[PDB]
2 protein chains.
Amino acid sequence: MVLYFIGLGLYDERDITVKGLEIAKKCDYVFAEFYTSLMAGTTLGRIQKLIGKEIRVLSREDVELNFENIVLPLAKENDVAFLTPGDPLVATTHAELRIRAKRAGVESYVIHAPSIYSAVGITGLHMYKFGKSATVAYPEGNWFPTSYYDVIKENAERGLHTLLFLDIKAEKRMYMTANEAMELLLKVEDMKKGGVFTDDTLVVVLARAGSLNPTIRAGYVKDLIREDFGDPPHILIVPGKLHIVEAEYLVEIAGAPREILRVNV
Amino acid sequence: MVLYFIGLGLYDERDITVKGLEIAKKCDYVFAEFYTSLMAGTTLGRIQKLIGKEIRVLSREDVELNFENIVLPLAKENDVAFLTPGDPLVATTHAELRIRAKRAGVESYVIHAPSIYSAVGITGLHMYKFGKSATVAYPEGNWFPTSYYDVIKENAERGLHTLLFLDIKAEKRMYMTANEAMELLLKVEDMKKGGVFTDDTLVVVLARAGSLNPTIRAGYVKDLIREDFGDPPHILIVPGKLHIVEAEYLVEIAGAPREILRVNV
Ligand SMILES: Nc1ncnc2c1ncn2[C@@H]1O[C@H](CSCC[C@H](N)C(=O)O)[C@@H](O)[C@H]1O
């Protein structure tokens, strides 16, 4: 009678950890959500085949409004698993589900799996230099979110990199590209004119991390805003002042302009 | 003609992803390093048996001085795997290794695995609120490094959490405890007098992340500094001002005192 929060990783169904797979295969009931992130290298079928169980997919409303009604009840008489893309507790509101489990009298365990928060390291940027993170959300109605712009500003001032998650509307199959993210930023730039993100700002694009051949590209906004980075999911990074070694990698591995090798210290 | 950087994960031999394991199996040669960090919950023996191949361990010098002599030569006519604890390239050094592969005309691919950078999410603290990170190193001789203290100040000043890696002497298999780290910080505070770390500061200790039974504890330094958090590895976190839901998780899941629901929110 326990509940397992198990991560499925970034791209493939094989991005789950061995530990996560052994445990999932022995659970009586398996649940999952696929709205917090996009797994572009697999299908629900392959995952089901991998763990050999039928997976009941839950929507954002099932989770946020009825997790303790749909999942926890069974978790008292059986071993239940809740699967999510990437790492199970990286979504802000997921950790709260453990509280719901407790109050319901159900013990829970967490099995980690690859997550962009860690996988960004493939960009070559020093992990310790990453500051506060943010998400670039789609504008809707008269509502135009801009908080993410200030996050970049605050970090850059301290010479820290900014990890930017791009928005996703799973039920509408809408996944923001790095290009769409850049456009929104150029706009907020005109709006706030703080000199944070312009055609000359250097950025890094990471698309489909977790796959064997992710797209890692670095360069100035003017030259990348129009570039094709392949299928989603996309993540966008606005680096702060670079260390020479970071620049070297970005140039040799992400095809960035040779000029960034000249750090203006 | 290919080199695979495969992450082994957090604690034991099952923390590697299924993808990582399968690829390691189909590789002709398998190397590994355990100088950047260790896998406290397993042994080279268990790992070797899981992969079903002999694993040649390389030292820091083997890698830093002769990686292109030991590893790359074989990767030109074979599929080679280089296993590392955690997630590859999160070590500030491994990134350049990809450049070396390129210089030697060897293509490289990265297979991710959970790292503390993402795993800290199990503390219930919002991932986006983590700022700059630091490592707490031991003072020795007439050298007393204290920059990690400064990092905390700057993060908390902006309401951000500080992830703190504790010193490790991999080859001597010695780990700094959270208790030791707390003691060092108080000593530093006693010199800097910045109000950054005191008996009343709220901290979070995460021990044996990746295990099914990790130790997650939150509370004031005065009460945690002599508490036994179990066997290493230990991770210390100094949270900034908390959102109510973060506080509730620390109380419900990490046993923090109710006092935090009014003092640190
Ligand atoms: N392989 C990948 N490449 C680029 N972005 C990714 C990604 N996997 C997830 N993301 C980003 O993460 C966002 C969801 S935020 C939750 C993150 C998730 N648990 C993780 O570990 O990554 C997505 O909208 C997407 O922009």
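Quick check of the header: X-ray crystallography, 2.5 Å.
Cβ coordinates are placed from backbone N, Cα and C, and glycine is handled just like the others.
What Swiss-Prot annotates here:
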type	residues	note
BINDING	A:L10, A:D87, A:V90, A:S115, A:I116, A:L166, A:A209, A:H234	S-adenosyl-L-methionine binding site
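Chain B lies within reach of A:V90, A:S115, taking the binding-site residues A:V90, A:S115, A:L166 and requiring a CB-CB distance under 8 A. DSSP assigns A:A209 (S-adenosyl-L-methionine binding site) to coil in the three-state reduction, placing it in neither a helix nor a strand. Applying an 8 A CB threshold to same-chain residues 6+ apart, the list for A:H234 (S-adenosyl-L-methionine binding site) reads A:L166, A:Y175, A:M176, A:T177, A:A178, A:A181, A:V205, A:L206, A:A207.
Ranked by how many other Cβ atoms sit within 10 Å of their Cβ, the binding-site residues A:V90, A:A209 place A:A209 at the bottom. In this structure, A:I116 (S-adenosyl-L-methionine binding site) is part of a helix by DSSP. Sequence-distant contacts of A:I116 (S-adenosyl-L-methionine binding site), defined as residues of its own chain at least six apart whose C-beta falls under 8 angstroms from its C-beta, comprise A:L10, A:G86, A:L163, A:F165, A:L206, A:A209, A:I235. Each of the binding-site residues A:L10, A:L166 was assessed for Cβ neighbours inside 10 Å, and the highest tally belongs to A:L10. All protein chains considered, the CB of A:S115 (S-adenosyl-L-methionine binding site) has 31 other CB atoms within 10 Å.
A simple way to gauge crowding: the CB of A:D87 (S-adenosyl-L-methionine binding site) has 33 other CB atoms within 10 angstroms, across all the protein chains here. In this record, S-adenosyl-L-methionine is bound by A:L10, A:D87, A:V90, A:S115, A:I116, A:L166, A:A209, A:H234; the longest C-alpha to C-alpha distance in that set is 17 Å.
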